[PDB]
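> Chains as they are written, first to last, in PDB author numbering: chain C, 2 to 414; chain F, 2 to 414; chain H, 141 to 282; chain E, 2 to 414.
Note that the Cβ used here is the ideal one computed from N, Cα and C, for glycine as well.
Structure below; questions to follow.
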Amino acid sequence: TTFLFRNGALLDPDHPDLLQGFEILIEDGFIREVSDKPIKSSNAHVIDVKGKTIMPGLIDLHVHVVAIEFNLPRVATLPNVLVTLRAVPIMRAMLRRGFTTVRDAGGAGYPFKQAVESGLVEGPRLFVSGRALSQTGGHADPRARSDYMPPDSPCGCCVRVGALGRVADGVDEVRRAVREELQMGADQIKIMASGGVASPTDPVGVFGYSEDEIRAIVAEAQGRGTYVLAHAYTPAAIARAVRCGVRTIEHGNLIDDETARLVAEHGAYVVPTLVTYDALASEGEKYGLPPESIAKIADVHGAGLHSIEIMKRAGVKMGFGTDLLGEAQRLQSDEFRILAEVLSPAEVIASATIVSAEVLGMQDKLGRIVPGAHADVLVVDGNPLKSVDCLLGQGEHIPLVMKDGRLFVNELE
Amino acid sequence: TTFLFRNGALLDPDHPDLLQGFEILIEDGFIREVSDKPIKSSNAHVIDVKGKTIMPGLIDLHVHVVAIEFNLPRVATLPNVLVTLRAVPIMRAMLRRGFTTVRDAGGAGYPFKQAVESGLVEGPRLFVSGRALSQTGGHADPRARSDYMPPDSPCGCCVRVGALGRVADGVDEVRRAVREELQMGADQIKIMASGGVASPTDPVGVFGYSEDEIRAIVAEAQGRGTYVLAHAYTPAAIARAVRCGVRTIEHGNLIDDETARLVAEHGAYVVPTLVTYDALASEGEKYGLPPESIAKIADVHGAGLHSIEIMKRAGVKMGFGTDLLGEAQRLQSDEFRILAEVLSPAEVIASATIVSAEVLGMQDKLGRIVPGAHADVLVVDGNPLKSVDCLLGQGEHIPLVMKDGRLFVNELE
Amino acid sequence: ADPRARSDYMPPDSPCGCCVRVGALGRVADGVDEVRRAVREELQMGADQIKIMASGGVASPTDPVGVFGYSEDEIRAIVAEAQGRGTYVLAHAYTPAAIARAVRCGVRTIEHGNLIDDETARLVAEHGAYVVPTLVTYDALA
Amino acid sequence: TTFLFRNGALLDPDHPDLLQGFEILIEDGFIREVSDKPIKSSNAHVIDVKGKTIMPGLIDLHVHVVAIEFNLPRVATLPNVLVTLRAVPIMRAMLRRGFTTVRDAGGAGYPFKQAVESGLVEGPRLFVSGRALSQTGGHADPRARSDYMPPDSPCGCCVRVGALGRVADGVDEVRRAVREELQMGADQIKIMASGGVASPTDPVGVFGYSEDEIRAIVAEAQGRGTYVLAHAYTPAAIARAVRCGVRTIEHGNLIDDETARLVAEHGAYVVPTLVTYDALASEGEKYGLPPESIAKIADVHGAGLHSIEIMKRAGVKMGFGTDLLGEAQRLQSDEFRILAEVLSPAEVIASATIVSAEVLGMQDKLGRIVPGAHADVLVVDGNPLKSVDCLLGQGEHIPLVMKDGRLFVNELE
Ligand SMILES: [Zn+2]
Ligand SMILES: [Zn+2]
Ligand SMILES: [Zn+2]
Ligand SMILES: [Zn+2]
Ligand SMILES: [Zn+2]
Ligand SMILES: [Zn+2]
Ligand SMILES: [Zn+2]
């Protein structure tokens, strides 16, 4: 069908001020025309923004739609029926909050992607990693510590819906795993390149994978025209990953000046996920997060904010991401705020649009309202270019969310 | 049995003209004499061509004898007996069109090779690959896309007759797989070096195999005094294959001037198979050819004709091939027509003779009628060196087909 | 409830082995021990009652309708497990013979019964068993 | 399509003299009408017998289509393709010799039955058993004797074409075995109830399977509305199989009067196969039959003809059967003339027709030319009721062979 927006301020992410007196025409889930001159509307439904803001749909580069509880190893043991059903409300809340596209960083596979694309369920467009690859005892290894090693999972053949990752060791093993995830429909590859917080037995500073394993993994992803994202916190872990060809680094809280520069020199992106740490600290214990993981939050939580300053100083391209678990999923939009404490509103908005879209290899198709781009559009009760505050919460000040050229929400008419 | 051909025009690939007034002496499946001055054989069965054409047996360098349907995965699950039986006509129809030798590119094994050699059935002399090697998720991986990986074969110990490939990943697996096919009697080795038009999930631009895996495979073939042929469309896929040592490149639809020179320089051969992209476009869908497979075709259809030009200009040795599936196996001869749209009839006929023969390392033993070669001879009602229309069809204008110094078809007498 | 196609080989019933598919309506089990174990797993996993195929089916790859499903020993073993947990067995069955053996082995409800004769119907009624006919599905199928 | 038979002598197997003055109308593969009064059919293709004999197609209840040579354990190991292609001429020769139906008693499965039905190949209709069931070290266990026990078959999941049997031990295992053969499409179930001859390790008088296994096997066959046939030689072995519910007894060479009566009393059948032992005693040793199986030949050969008297004296219903291997399959018809040494021609003919049909559960549908029965008709230049000598050989005196209302051979003109 067709649509026409007018009488509203146009937020173009690479212009520091709203474009005024513009009109947008949507046809068949694509932006058709954008001009400072009124448009010829024969068969288009008209929307009067009445001087409110039209912006591109938002992008979250780091989400886990199947992270339905704080205890991740436990989620993998939950019935597939349940994990699936509890992800529905989740995906839907994401869309309400303005997120028309998301990258899943581990868990959700192709099936979710097609469930959404087909209309079965509603949510952001999904870019799916499949299961994150981790070495034995790595961040994505759900096994507790004892005197024996149970096998990674019950039947290595059938994927558990609740599984966020999978264990693979050695070049052959990791090359096969990547080949399977891709076979199965993954858009990109996730790996753990260091220890983590929400895992049972791995320290935060510990490396993930030999270089051999990382270069093997990277070469597969690329061979299929894709790329690798890597969970890593410390300079050494980040640095080896980047040298090994990883395209985006997840978190990177303990990055330093030397590492930040390497990153920028190599063209890699970093996706900070600051809200999650606040949240793991606020309500982690309270919501059944293992006391092993809680111990590991502090080592990484403090550095969060300054890592951004470091990154901006070096000119590192930062994308937007959140990484929230369980009930904490509701806090997605807070990341905007947290960031505005160091970056200018324009800066954070660019990270959650054009920069993120670059990460996705979707430049000019997402993150900006222009001829040919997907018709993911928002109407906001405010000017994000001045204050990110209107994006906060559960979409209150976002009266209209449109994805693929269809209205999911529209309390304007 | 001993024959002598007389009173006809001799086709010699390395001469632009049908030579005249020549006598040919076949003793024991071998050509004993070809000369202008008549020769006496009191004993021999004399055959008067009637001024018609005596050319060498035709050679097709890319067939799939067991491609009995367009749906290849489904074929692999059919009973070995049916596949075996349904393959007989196919192999017969190939000889009738004058192909006295064919290189099977995956599926047919030494068993067929020896069924033909012994006389159990009539068809071309076979150069077999056994199963094509493919990485997980690659062209020759028949598994569908879901949220689990079933085993490559119900039971890897026993080859399914209708299986065109086998999955192998990583150096030690590719090494073992190659050593296994060779011991089972393969003449050469096939690998999928890219995404396919007739596979279940992979795109076409995708790579197949790391260079480590390709090089290991090549050294294994080489170690047994043979070679690797590789499926590959794009210039990057093609170049890496070549630099890794593969000796013939299958299809190569999207090759460019850059890569062509590289091929030529390393002395690799290329076996286009333009015919099959018509068949698939024309009647593939209708004939139970999977829908997701169908979308692939547009990808390589147009380039086909132009690639021959690029390759010729580069001085790339091109062999003959058709790569047809199911009911389309009957279009085998059209490749002649197609190639003459862009190539000299002489050039074409040489592609399917002295060139193909050099690919099989059978120079002076096949594809040319000369003292000390196989008695692979045809009689054509026409002059291919002037036109190619006589080879078309089911052999209507090919009334004498002789392989191994014996007559499979005769309509002169 | 055996989904496998007909060919010259038997691939496995379970690709998973451990993991149940959400889309699986059934599972293959043969032999008293095998069937005991399967009923015990289904129960521990939370089943309210136990279903068996006691006959061939309309909607299936290979099985004709008139064939029996399971020996009497297998059915009896299944019925005993169901009862040890205070529940019962239901059985898909069409023909008098198939229906009758089932009831004699302790099966509590019969599903379909489309081809039941007047004799076995009394057998059913006497043994206090129930029948669930499912007429509508045959309309829709046709 | 329609035919009309006329001026021929009708052989009806339930009447001692050749009925004269009859006309047979076939249309669409079925016997439409038979009567004295000429038949009024406008387009029937009229066929002129010219006083030759018209009989029902012959039936053999014990063939092995895939017994392409005397070394049966070795056959199991030959490639599927090769076994398959060598069974072809064998099935074809059988149809020349007038056998329009055959019960294959172990080896050939559903695939072969459908290749025939789809006219993929030419040969007798097939009632198949799939693989015969044999206890460990039973007569269908091809494993040589050593100090260790290799797997029954290289690979449990897939079936080998050249495999005539399969090892199964224990009630549960034998119940699963049968259910498998039945799901793959077997028509009936074969078991080895005794030691054998053409096998490595087992003596003749040894029991095969326990009663528990035999009964569960029989109950499995009956549950699907079919039956069991058992290899069995001695009175003890034979007696237990019949008591456990077995319906046909194969061979029965060493049966005594007490057991012959038991068989009759149960209404079961015996299928002698006298011709095979002459063959083994003649050209087994010469055609690559292992010396181990030659030692056992003398154990059943000499009792052959007397067993027919015993059986006849006792009222036993005897089907026709040959059970030949490899080169000796050619001798198939010789069974007629061996049986006729003890039985009247009439009694033999009935064996190969009406009694066989009774075994197949095909009464009035096969073995008799009557309205409704399948159009399986022979033209015999002779009177089998006087001498079966005209049936001997390769159909030399059978100039017409018709199966399912279609002519496979016709030299009448
Ligand atoms: Zn992470
Ligand atoms: Zn994460
Ligand atoms: Zn190919
Ligand atoms: Zn091919
Ligand atoms: Zn049912
Ligand atoms: Zn036998
Ligand atoms: Zn036998």
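Should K114/F go down as buried or exposed, given a rule of 16 or more other Cβ atoms within 10 Å for buried?
When all chains shown are included, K114/F counts as buried.
> Quick one: give me the first and last residue of the beta strand (DSSP E) that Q21/E is part of.
Residues 20-28.
> Could you name each continuous beta strand (DSSP E) segment of 3 residues or more that falls completely within the stretch 154-206 of chain E, going from the start of the chain to the end?
Listed in chain order, they are 166-168, 190-193.
> Would you say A106/F faces chain E, with C-beta separation under 8 Å as the test?
With 8 Å as the cut-off, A106/F does not count as an interface residue toward chain E.
> Pull up the DSSP beta-bridge partners for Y270/F, would you.
The partner list for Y270/F (beta bridge, DSSP) reads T249/F.
> Considering only the alpha carbon of each residue, which of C245/H, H232/H, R244/H lies closest to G253/H?
The residue with the shortest Cα to Cα distance from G253/H is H232/H.
> Going by DSSP, what residue range makes up the alpha helix (DSSP H) through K114/F?
Taken as a continuous stretch (DSSP letters only), the alpha helix (DSSP H) holding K114/F covers 111-119.
> At a threshold of 7 Å, does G196/C count as lining ligand 2 (C-beta to nearest heavy atom)?
No, Cβ of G196/C sits at least 7 Å from all heavy atoms of ligand 2.
> Work out the CA separation of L79/F and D188/F for me, nearest whole Å.
When rounded, the distance between both Cα atoms is 26 Å.
> Is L121/C closer than 8 Å to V179/C when the C-beta atoms are compared?
The answer is no: Cβ separation not under 8 Å.
> Roughly how many whole angstroms lie between the Cα atoms of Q21/F and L59/F?
Each residue's alpha carbon lies about 21 Å from the other.
> Going by C-alpha distance, which of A145/H, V198/H, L183/H is nearest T277/H?
Considering only alpha carbons, the answer is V198/H.
> Rounded to whole angstroms, what is the Cα-Cα separation between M193/C and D153/C?
If I take the Cα positions, the gap works out to 16 Å.
> Rounded to whole angstroms, what is the Cα-Cα separation between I27/E and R407/E?
When rounded, the distance between both Cα atoms is 9 Å.
> Anything in chain C within Cβ reach of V162/H, meaning under 7 Å, just list it in chain order.
In chain order: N81, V82.
> So, does the CB of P151/F fall closer than 8 Å to a CB anywhere in chain H?
By this cut-off, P151/F is an interface position.
> Are the C-beta atoms of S154/H and some chain E residue less than 8 Å apart?
Not one chain E Cβ lies under 8 Å of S154/H.
> Would residue 1/E be called buried (16 or more neighbouring beta carbons within 10 Å of its own) or exposed?
In the structure displayed, chain E extends from 2 to 414; residue 1/E sits before or after that span and is not available.
> Relative to ligand 7, is the shortest distance from any of its heavy atoms to the C-beta of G107/E smaller than 7 Å?
Yes, Cβ of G107/E sits closer than 7 Å to a heavy atom of ligand 7.
> Would you verify that the beta carbon of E181/E is, or is not, closer than 8 Å to some beta carbon of chain H?
Closer than 8 Å to some Cβ of chain H, the Cβ of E181/E qualifies, so yes.
> For ligand 4, any of its heavy atoms closer than 7 Å to the Cβ of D324/F?
At least one heavy atom of ligand 4 is nearer than 7 Å to the Cβ of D324/F, so yes.
> Are at least three pairs of beta-carbons, each pair with one atom in the stretch 322-337 of chain F and one in the stretch 293-306 of chain F, less than 8 Å apart?
Flag = no, the stretch 322-337 of chain F and the stretch 293-306 of chain F do not touch.
> Looking at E251/H and ligand 5, is the gap between the Cβ and the nearest heavy atom below 7 Å?
Yes; taking the cut-off as 7 Å, the Cβ of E251/H has a heavy atom of ligand 5 nearer than that.
> May I ask which residues mark the beginning and end of the alpha helix (DSSP H) holding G368/E?
Looking at the DSSP string, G368/E is not in any alpha helix (DSSP H), and its letter there is neither H nor E.
> Based on DSSP bridge pairs, tell me the residues matched to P57/E.
Answer is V378/E.
> Could you check which residue in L255/E, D29/E, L62/E, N8/E has the C-alpha nearest to that of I239/E?
When each option's Cα is compared against that of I239/E, the closest is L255/E.
> I'd like to know if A116/E contacts chain F, where contact means its C-beta is closer than 8 Å to some C-beta of that chain.
Yes, contact with chain F.
> Is the beta carbon of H65/E within less than 7 Å of some heavy atom of ligand 7?
Yes, ligand 7 has a heavy atom inside 7 Å of this Cβ.
> Would you say the beta carbon of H232/C comes nearer than 7 Å to a heavy atom of ligand 1?
The answer is yes for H232/C.
> Short of 6 Å in beta carbon distance, which residues of its chain neighbour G186/F, apart from the five on each side in sequence? Order them along the chain.
For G186/F, where only same-chain residues beyond five positions count, the Cβ hits under 6 Å are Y111.
> Would you mind stating whether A141/F and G166/F have Cβ atoms separated by less than 8 Å?
Result yes, Cβ atoms of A141/F and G166/F sit closer than 8 Å.
> Roughly how far, in whole angstroms, is the beta-carbon of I40/C from the beta-carbon of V378/C, given that I think they are within contact range, below 8 Å?
That belief does not hold up - the Cβ atoms of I40/C and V378/C are roughly 15 Å apart, past 8 Å.
> Going straight from the alpha carbon of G206/H to that of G396/F, what length do you get?
Looking at the two C-alpha atoms, the distance is approximately 52 Å.
> Decide if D279/E is buried, meaning its Cβ has at least 16 other Cβ atoms within 10 Å, or exposed.
Per the 10 Å Cβ criterion, buried.
> Check for me: the alpha helix (DSSP H) holding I215/E runs from which residue to which?
Start and end: 212-224.
> Quick one, which of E70/C, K313/C, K297/C, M95/C has its alpha-carbon nearest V84/C's?
With distances taken between Cα atoms, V84/C lies closest to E70/C.
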